[PDB]
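Novice: Here you go, one structure.
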Amino acid sequence: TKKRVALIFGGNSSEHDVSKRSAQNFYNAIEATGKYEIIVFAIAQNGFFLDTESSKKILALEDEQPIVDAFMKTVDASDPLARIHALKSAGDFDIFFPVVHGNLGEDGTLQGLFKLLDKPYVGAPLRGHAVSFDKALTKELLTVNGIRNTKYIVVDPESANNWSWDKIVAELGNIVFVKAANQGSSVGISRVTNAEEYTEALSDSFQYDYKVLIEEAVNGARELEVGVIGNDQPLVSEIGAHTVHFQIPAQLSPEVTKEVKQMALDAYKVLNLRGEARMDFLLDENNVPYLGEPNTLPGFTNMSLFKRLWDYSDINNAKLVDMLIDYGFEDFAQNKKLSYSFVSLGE
Amino acid sequence: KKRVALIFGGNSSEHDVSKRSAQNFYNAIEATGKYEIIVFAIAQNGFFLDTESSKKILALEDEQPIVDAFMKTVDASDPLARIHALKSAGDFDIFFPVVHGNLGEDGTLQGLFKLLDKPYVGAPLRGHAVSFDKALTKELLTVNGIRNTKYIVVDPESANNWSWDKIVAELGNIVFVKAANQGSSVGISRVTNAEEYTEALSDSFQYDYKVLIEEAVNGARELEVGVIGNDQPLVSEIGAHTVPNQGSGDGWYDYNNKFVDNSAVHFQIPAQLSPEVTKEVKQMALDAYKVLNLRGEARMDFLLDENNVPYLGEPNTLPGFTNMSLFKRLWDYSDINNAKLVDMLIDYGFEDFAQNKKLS
Ligand SMILES: Nc1ncnc2c1ncn2[C@@H]1O[C@H](COP(=O)(O)OP(=O)(O)O)[C@@H](O)[C@H]1O
Ligand SMILES: C[C@@H](C[P@@](=O)(OP(=O)(O)O)[C@@H](C)N)C(=O)O
Ligand SMILES: [Mg+2]
Ligand SMILES: [Mg+2]
């Protein structure tokens, strides 16, 4: 109605399609408040930003490739800023609302661009996304801070050489997970139980990153996911447990519930997160909760957990997205007080 | 033939230092004779300036007049106005960031480099991000067994729980208070009493909402070591420097001793150390590089206690390159002068960009 929101979706990842679905439910939520004007932008799998008109169609779920191909013919290959030129195609706006799942929205890249343009945005700062995205970086901060998670080892092409399977077993056990540090959703992940699987797991993971993480596996089969939103004073959702069949509120003992919610809160702060996040846990056979991977940009599709978690806290989609936008505006205001002055130099 | 986008300046507390480092890097690249250079300045308002207004700023001409002039040609309706100047000279092949502080060492510029999909010299986004936050750095070092000072991290609310008596009992009567995300010794204070403590908390909290309070190492001198490369990084010789009344007094390497007046500090290359310590610092530097996720270039600084025990002070992802900067001299002792230095740094940048394409 006045304030303009730039809703960005898409991304050069394997989760390109899931992004479109999340973007739609966010759009409807922002629209349902009647306070802002939405301007949508899409990022094709080739990294290029698309104009508002082309992206409006892609959001509607129309065949994407023809739309992209047509756009690529209007691009000037001699412009070093061509990949982001389409961002001005619809004029000035007030705040970015990122919903790009994968290697652009969760690793901190887009957030760098947002700061350079001195414009507000929703979600965590670039540092927060960067630490939450890097598998190794996440475990190191959580461990030094006392938040329970599995035992692990970080290797590279050369160090991996000092780690025979027998040594890995002495440290982590006979059942481990090998994986590329920076990579998302799938590839580079392996379930190792013996020396044969380990040798080939390293070769595989070393194709997606030069830094591999090896961690022991939790025996228990009970996934827990909790949402957290806010800045200086975070809110924690109810717990969703596995009984894609999520049970809410999770049926755990009063003690396990408060412990899992506290870990989610403590983790959010040590990981330097802001705005929104989903904390995924693993509960073993003795009801001991282990914080797994943090999610800086959760899915908002019809079937994803974050789409209905806040309903159990009386926060509907409209209120939720409105809170996310207020937090974004607030943090920009706080960072505006910070000084970057200095005593002028000379000869 | 290849074009190099030398960027400097930025809205940062180390804005003027960047100027000095920039001219030097320019001359070094020019000396190789294999690259063309396009200079880009970023004013204090965060606006990139055209290649012409910038060449003048590099030549040391007054900034403001040249900036104001430029600001009258800006389209204030364009959301991409701050970075529009980047196209004001055509296409280039690689980025060479020389902006110290707030934009180059925190990951911001590296975010843009990834979007335009061009190679670049220096560490990746996560490296700078993790290396600039003083608290995140010391956290990654501690969990890896890399020696660093005892400290506590607080925010404006958390700060009121630590009264002076509580601090003295936890870290001793001489402590250093600093803003987590800063450089060149700005936002940092040497604290010895209750009034200086509280005055310093206020001073630090005007540069960041996160400050560190760490115990002071009574050592008479500091150490610096350069490290470059990607998957198989090299380590330079250790360099040293000491300010008047450092150990046997209150003197320290503040903003005034580094850039205002440096004609009173003593430097040693290589540093006078035992074979043991020399080996220990070179390995700590190497280890910290990997942990911190750095690439291309860096400089590791150390604190030395009375008994000569080394403490990893802090990493610097885009180290200074001025006429009193150690990163401009150290590599000469490894048969790598300023020329071969930047040629290697540029090759590293291209090699990592190429390697990155395959890893997908
Ligand atoms: N814990 C400490 N013990 C002794 N001296 C310190 C300590 N911390 C900082 N200093 C002094 O203050 C200066 C600040 O350095 P540093 O912490 O690396 O910050 P900056 O980013 O400003 O270089 C150092 O060069 C050193 O002389
Ligand atoms: C004295 C030193 C400064 P600097 O490189 O390092 P510090 O952050 O420790 O000041 C700084 C520019 N970031 C030099 O130029 O080499
Ligand atoms: Mg520094
Ligand atoms: Mg220093």
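Simple scheme: letters A, B, ... for chains in structure tokens order, numbers from 1 for residues in each chain, numbers from 1 for ligands in the order shown.
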With only C-alpha atoms and all ligand atoms counted, collect every polymer residue having an atom within 8 Å of ligand 3; state the result as a PyMOL selection string.

Specialist: chain B and resi 132+182-185+314-316

Novice: Could those residues be written to a file, using N, CA, C and O atoms, as a CSV table (one decimal), in the first residue's frame?

Specialist:
```
chain,number,residue,atom,x,y,z
B,132,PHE,N,37.1,-11.4,10.7
B,132,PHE,CA,36.9,-10.0,11.2
B,132,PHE,C,36.2,-9.9,12.5
B,132,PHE,O,36.4,-8.9,13.3
B,182,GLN,N,36.3,-4.6,14.0
B,182,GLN,CA,37.1,-3.4,13.7
B,182,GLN,C,38.5,-3.6,13.4
B,182,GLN,O,39.0,-4.8,13.3
B,183,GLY,N,39.3,-2.5,13.1
B,183,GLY,CA,40.7,-2.7,12.8
B,183,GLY,C,41.5,-1.4,13.0
B,183,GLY,O,41.0,-0.4,13.5
B,184,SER,N,42.8,-1.5,12.8
B,184,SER,CA,43.8,-0.4,13.0
B,184,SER,C,43.9,0.2,14.4
B,184,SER,O,44.4,1.3,14.6
B,185,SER,N,43.3,-0.5,15.4
B,185,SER,CA,43.3,-0.2,16.8
B,185,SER,C,42.2,0.9,17.2
B,185,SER,O,42.4,1.5,18.2
B,314,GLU,N,45.7,-11.9,16.4
B,314,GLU,CA,44.6,-11.8,15.5
B,314,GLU,C,45.0,-11.9,14.0
B,314,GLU,O,46.2,-11.7,13.7
B,315,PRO,N,44.1,-12.4,13.1
B,315,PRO,CA,44.4,-12.6,11.7
B,315,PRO,C,44.0,-11.3,10.9
B,315,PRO,O,43.1,-10.5,11.4
B,316,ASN,N,44.6,-11.1,9.8
B,316,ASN,CA,44.3,-9.9,8.9
B,316,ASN,C,44.2,-10.4,7.5
B,316,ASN,O,45.3,-10.5,6.8
```

Novice: Which residues come within 6 Å of residue B:304, counting only C-alpha atoms, excluding same-chain residues fewer than 5 positions away, as an MDAnalysis selection string?

Specialist: chainID B and resid 219 309:310

Novice: Taking only C-alpha atoms and all ligand atoms and a cut-off of 9 Å, can you tell me which residues surround ligand 2, written as an NGL selection string?

Specialist: :B and (14 or 17-18 or 21 or 100-101 or 182-186 or 224 or 253-255 or 257-259 or 299-301 or 313-328)

Novice: With a distance cut-off of 9 Å and only C-alpha atoms, select the neighbouring residues of stretch 291-302 of chain A, excluding the residue or stretch itself and same-chain residues fewer than 2 positions from it, and output the selection as a PyMOL selection string.

Specialist: chain A and resi 18-26+98-102+105-106+123-124+128-129+132-133+135+138-139+142+147-150+260+263-264+267-268+271+273-283+289+304-308

Novice: Write a file of the selected residues as a short mmCIF file (atom, residue, chain, number, x, y, z; two decimals), in the first residue's frame, keeping N, CA and C atoms.

Specialist:
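Writing the result to again-v6.cif gives the following:
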```cif
data_model
loop_
_atom_site.label_atom_id
_atom_site.label_comp_id
_atom_site.auth_asym_id
_atom_site.auth_seq_id
_atom_site.Cartn_x
_atom_site.Cartn_y
_atom_site.Cartn_z
N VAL A 18 11.48 -25.74 -5.42
CA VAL A 18 10.94 -25.56 -4.08
C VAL A 18 10.84 -24.06 -3.75
N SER A 19 11.82 -23.29 -4.24
CA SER A 19 11.88 -21.85 -4.02
C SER A 19 10.60 -21.14 -4.52
N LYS A 20 10.19 -21.45 -5.75
CA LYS A 20 8.99 -20.87 -6.36
C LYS A 20 7.76 -21.06 -5.48
N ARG A 21 7.63 -22.26 -4.92
CA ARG A 21 6.52 -22.61 -4.04
C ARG A 21 6.52 -21.81 -2.73
N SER A 22 7.70 -21.61 -2.15
CA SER A 22 7.84 -20.85 -0.91
C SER A 22 7.49 -19.40 -1.17
N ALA A 23 8.02 -18.87 -2.27
CA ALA A 23 7.79 -17.49 -2.68
C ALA A 23 6.29 -17.16 -2.80
N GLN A 24 5.52 -18.10 -3.32
CA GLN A 24 4.09 -17.89 -3.49
C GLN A 24 3.38 -17.73 -2.15
N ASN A 25 3.68 -18.60 -1.19
CA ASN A 25 3.03 -18.52 0.11
C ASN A 25 3.46 -17.29 0.92
N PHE A 26 4.65 -16.76 0.63
CA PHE A 26 5.13 -15.56 1.31
C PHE A 26 4.41 -14.35 0.72
N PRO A 98 14.40 -12.02 0.99
CA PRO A 98 15.07 -13.15 0.34
C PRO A 98 14.43 -14.51 0.62
N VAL A 99 14.22 -15.28 -0.44
CA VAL A 99 13.63 -16.60 -0.30
C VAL A 99 14.24 -17.52 -1.36
N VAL A 100 15.54 -17.34 -1.56
CA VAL A 100 16.33 -18.13 -2.51
C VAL A 100 16.96 -19.29 -1.76
N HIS A 101 16.43 -20.49 -1.96
CA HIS A 101 16.95 -21.68 -1.28
C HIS A 101 18.23 -22.22 -1.95
N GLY A 102 19.28 -22.39 -1.16
CA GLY A 102 20.52 -22.91 -1.70
C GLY A 102 21.78 -22.08 -1.59
N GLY A 105 21.26 -17.72 -1.15
CA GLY A 105 20.56 -17.13 -0.03
C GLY A 105 21.02 -17.62 1.33
N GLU A 106 21.48 -18.86 1.40
CA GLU A 106 21.94 -19.44 2.66
C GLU A 106 23.44 -19.35 2.96
N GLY A 123 15.78 -11.71 7.56
CA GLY A 123 16.71 -12.80 7.75
C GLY A 123 18.02 -12.42 8.40
N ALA A 124 18.90 -13.41 8.52
CA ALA A 124 20.21 -13.28 9.15
C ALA A 124 21.22 -12.48 8.35
N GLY A 128 26.57 -15.60 9.73
CA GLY A 128 25.42 -16.16 10.43
C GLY A 128 24.93 -17.17 9.41
N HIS A 129 24.80 -16.69 8.18
CA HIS A 129 24.42 -17.52 7.04
C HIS A 129 25.70 -18.29 6.69
N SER A 132 26.37 -20.79 9.44
CA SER A 132 25.31 -21.81 9.47
C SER A 132 25.34 -22.72 8.27
N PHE A 133 25.88 -22.21 7.17
CA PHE A 133 25.97 -22.97 5.92
C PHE A 133 27.13 -23.95 5.91
N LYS A 135 29.20 -26.63 7.20
CA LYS A 135 29.01 -27.76 8.11
C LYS A 135 30.02 -27.85 9.27
N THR A 138 29.89 -24.65 11.71
CA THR A 138 28.75 -24.75 12.61
C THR A 138 29.06 -25.60 13.84
N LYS A 139 29.63 -26.79 13.64
CA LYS A 139 29.95 -27.70 14.74
C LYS A 139 31.02 -27.15 15.70
N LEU A 142 29.34 -24.48 17.95
CA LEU A 142 28.41 -25.12 18.88
C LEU A 142 29.15 -25.88 19.98
N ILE A 147 26.85 -26.57 23.45
CA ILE A 147 25.57 -27.05 22.93
C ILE A 147 25.81 -28.45 22.33
N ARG A 148 25.15 -29.46 22.90
CA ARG A 148 25.32 -30.84 22.46
C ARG A 148 25.03 -31.19 20.99
N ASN A 149 26.04 -31.76 20.35
CA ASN A 149 25.97 -32.22 18.97
C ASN A 149 26.99 -33.35 18.85
N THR A 150 26.91 -34.16 17.80
CA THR A 150 27.83 -35.29 17.63
C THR A 150 29.31 -34.95 17.53
N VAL A 260 15.37 -28.81 24.67
CA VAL A 260 15.43 -28.66 23.23
C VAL A 260 15.15 -27.21 22.80
N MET A 263 18.29 -25.08 23.69
CA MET A 263 19.39 -25.36 22.77
C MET A 263 19.17 -24.58 21.47
N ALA A 264 17.92 -24.53 21.02
CA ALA A 264 17.56 -23.80 19.80
C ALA A 264 17.83 -22.31 19.97
N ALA A 267 21.71 -21.73 20.40
CA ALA A 267 22.35 -21.94 19.10
C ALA A 267 22.19 -20.76 18.15
N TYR A 268 20.99 -20.19 18.15
CA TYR A 268 20.62 -19.03 17.32
C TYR A 268 21.57 -17.86 17.60
N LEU A 271 25.35 -18.71 16.68
CA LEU A 271 25.51 -18.79 15.23
C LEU A 271 25.29 -17.43 14.55
N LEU A 273 22.61 -15.57 14.27
CA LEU A 273 21.40 -15.54 13.45
C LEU A 273 20.42 -14.42 13.81
N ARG A 274 19.59 -14.03 12.85
CA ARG A 274 18.61 -12.96 13.06
C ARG A 274 17.39 -13.18 12.16
N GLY A 275 16.23 -12.67 12.60
CA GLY A 275 15.00 -12.80 11.83
C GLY A 275 14.25 -14.12 11.92
N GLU A 276 14.74 -15.12 11.19
CA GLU A 276 14.11 -16.44 11.16
C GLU A 276 15.13 -17.59 11.10
N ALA A 277 14.72 -18.76 11.60
CA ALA A 277 15.54 -19.97 11.56
C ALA A 277 14.78 -21.21 12.06
N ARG A 278 15.22 -22.38 11.60
CA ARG A 278 14.64 -23.65 12.00
C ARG A 278 15.80 -24.51 12.48
N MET A 279 15.71 -24.97 13.72
CA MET A 279 16.73 -25.80 14.34
C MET A 279 16.31 -27.28 14.33
N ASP A 280 17.08 -28.12 13.64
CA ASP A 280 16.80 -29.56 13.55
C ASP A 280 17.62 -30.42 14.52
N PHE A 281 16.93 -31.19 15.35
CA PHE A 281 17.56 -32.06 16.34
C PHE A 281 17.44 -33.55 16.01
N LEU A 282 18.20 -34.36 16.75
CA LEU A 282 18.21 -35.82 16.64
C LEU A 282 18.11 -36.30 18.08
N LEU A 283 17.08 -37.07 18.39
CA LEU A 283 16.90 -37.57 19.74
C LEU A 283 17.26 -39.04 19.72
N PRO A 289 18.79 -35.17 23.27
CA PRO A 289 18.71 -34.32 22.08
C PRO A 289 20.05 -33.74 21.60
N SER A 304 5.70 -28.07 3.92
CA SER A 304 6.83 -27.85 4.83
C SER A 304 6.44 -27.35 6.23
N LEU A 305 7.16 -27.85 7.24
CA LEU A 305 6.91 -27.54 8.65
C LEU A 305 6.79 -26.08 9.10
N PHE A 306 7.65 -25.21 8.59
CA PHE A 306 7.64 -23.78 8.94
C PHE A 306 6.37 -23.04 8.46
N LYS A 307 5.61 -23.66 7.55
CA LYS A 307 4.37 -23.10 7.00
C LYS A 307 3.20 -23.17 8.01
N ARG A 308 3.32 -24.04 9.02
CA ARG A 308 2.27 -24.19 10.02
C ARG A 308 2.76 -24.30 11.47
#
```

Novice: Using only C-alpha atoms and a distance of at most 6 Å, pull out the residues of chain A that contact chain B, as a ChimeraX atom specification.

Specialist: /A:78,80,83,92,109,112-113,127,130,144,207-208,338-342

Novice: Any chance you can output those residues with N, CA and C atoms as a compact mmCIF listing (two decimals), in the first residue's frame?

Specialist:
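The result, stored in out.txt:
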```
# COMPACT_ATOMS: atom_id res chain seq x y z
N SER A 78 28.78 -7.25 -22.34
CA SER A 78 29.89 -6.33 -22.08
C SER A 78 29.75 -5.54 -20.78
N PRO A 80 29.72 -5.69 -16.84
CA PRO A 80 30.14 -6.50 -15.69
C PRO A 80 29.08 -6.60 -14.60
N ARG A 83 24.52 -9.42 -14.53
CA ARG A 83 23.85 -10.43 -13.71
C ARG A 83 22.85 -9.83 -12.72
N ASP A 92 13.07 1.95 -7.63
CA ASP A 92 13.44 1.85 -6.22
C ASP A 92 12.39 1.15 -5.33
N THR A 109 26.00 -14.75 0.30
CA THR A 109 26.30 -13.96 -0.90
C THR A 109 25.34 -12.79 -1.14
N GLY A 112 25.51 -9.82 1.09
CA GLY A 112 26.63 -8.91 0.89
C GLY A 112 26.16 -7.78 -0.01
N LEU A 113 25.47 -8.16 -1.08
CA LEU A 113 24.91 -7.23 -2.06
C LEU A 113 23.90 -6.27 -1.40
N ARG A 127 27.24 -12.97 7.95
CA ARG A 127 27.96 -13.81 8.92
C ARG A 127 26.80 -14.31 9.76
N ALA A 130 26.81 -17.56 6.65
CA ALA A 130 28.11 -18.14 6.32
C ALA A 130 28.49 -19.23 7.30
N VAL A 144 32.42 -25.49 21.14
CA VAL A 144 33.15 -24.60 22.05
C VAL A 144 32.15 -23.87 22.97
N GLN A 207 34.79 -33.73 -4.12
CA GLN A 207 34.45 -33.22 -5.44
C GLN A 207 33.60 -31.95 -5.31
N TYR A 208 33.03 -31.74 -4.13
CA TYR A 208 32.18 -30.59 -3.87
C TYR A 208 32.77 -29.57 -2.90
N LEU A 338 25.94 2.61 14.53
CA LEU A 338 27.35 2.26 14.50
C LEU A 338 28.20 3.23 13.67
N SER A 339 29.31 3.67 14.26
CA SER A 339 30.24 4.60 13.63
C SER A 339 31.34 3.93 12.80
N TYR A 340 31.79 4.63 11.76
CA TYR A 340 32.86 4.15 10.90
C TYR A 340 33.83 5.32 10.69
N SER A 341 33.96 6.15 11.72
CA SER A 341 34.83 7.32 11.67
C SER A 341 36.29 6.98 11.93
N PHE A 342 37.16 7.96 11.69
CA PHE A 342 38.59 7.81 11.90
C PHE A 342 39.31 9.15 11.82
```

Novice: So what do you get for atom 2 (C, counted along the ligand's line) of ligand 1 versus atom CA of residue B:296, distance-wise?

Specialist: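 Distance between the two atoms: 27.2 Å.
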